[PDB]
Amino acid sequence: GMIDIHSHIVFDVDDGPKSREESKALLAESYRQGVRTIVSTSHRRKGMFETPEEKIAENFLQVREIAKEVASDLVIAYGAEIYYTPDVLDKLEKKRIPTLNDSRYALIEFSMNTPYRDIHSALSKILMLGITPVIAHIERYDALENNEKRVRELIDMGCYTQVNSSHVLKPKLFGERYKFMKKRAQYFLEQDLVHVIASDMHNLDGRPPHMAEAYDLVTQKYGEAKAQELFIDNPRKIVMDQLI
């Protein structure tokens, strides 16, 4: 019963599925890997992903209906992946962009080269709104690379961290295109700086879930209890608006 808090499953709204058929197939693979709750977090990013909320909500509702054709016990929750620009503060305050399952948690992302001071300041301002940032794929940010103190300082401030399932995996013997991200993610896991693993799934070619593989790797490397914490228990608390 894994719980996936980072996903692009809504058709025709961002760089995720293009069609209902693609949404269904992505849901089915996710369920095949053992995922039983998925939080939809389609992009909200000024200058790149600006599909109106109303359309995202409309297609999301249709995706939730489609999930019933996959499994009766597949749970589809609403959410957003919020790229940080200053306008998102008023949007969150006014409840015009979604939090995760209507909890206090919002999924926040930055750019690869965003300076630490900007990351810290943005997250600080979101916290002041009464909202808890879950930081999307921490392995993406140059500012955090090999930097336990910075990560811990964001965490101690009141934030939580998320790592993509794809980057939990070992570098492949052939055709590895993302070794550096895998190396970053591995460092974060080793230093125990990861609250949640999520898929960030978009499709069934370049960006599928790797939740089952990642779950077993964490199980083997850190034990079953840590696998349950990162793939089930922490994501569940987020979904149920409980403190971690």
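The first residue of the sequence shown is number 1, and the count goes up from there.
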Would you tell me which stretch averages the higher CA B-factor in the PDB entry, 225-233 or 16-24?
-> 16-24
Mean B factor on CA atoms, stretches 100-108 and 87-95, record says higher is 87-95
Which of these has the highest Cα B-factor in the record: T41, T51, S199, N203?
-> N203
Maximum C-alpha temperature factor, selected from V63, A185, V70, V35 = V70
What third of its chain, lowest, middle or highest, does the C-alpha temperature factor of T161 fall into?
-> lowest
On the chain's distribution of Cα B-factors, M240 falls within the third called highest
Of the three thirds of its chain by CA temperature factor, lowest, middle or highest, which one includes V134?
-> middle
Please rank the C-alpha B-factors of the chain's modelled residues and tell me whether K172 sits in the lowest, middle or highest third.
-> middle
Ranked C-alpha temperature factor of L144 among modelled chain residues, by third = middle
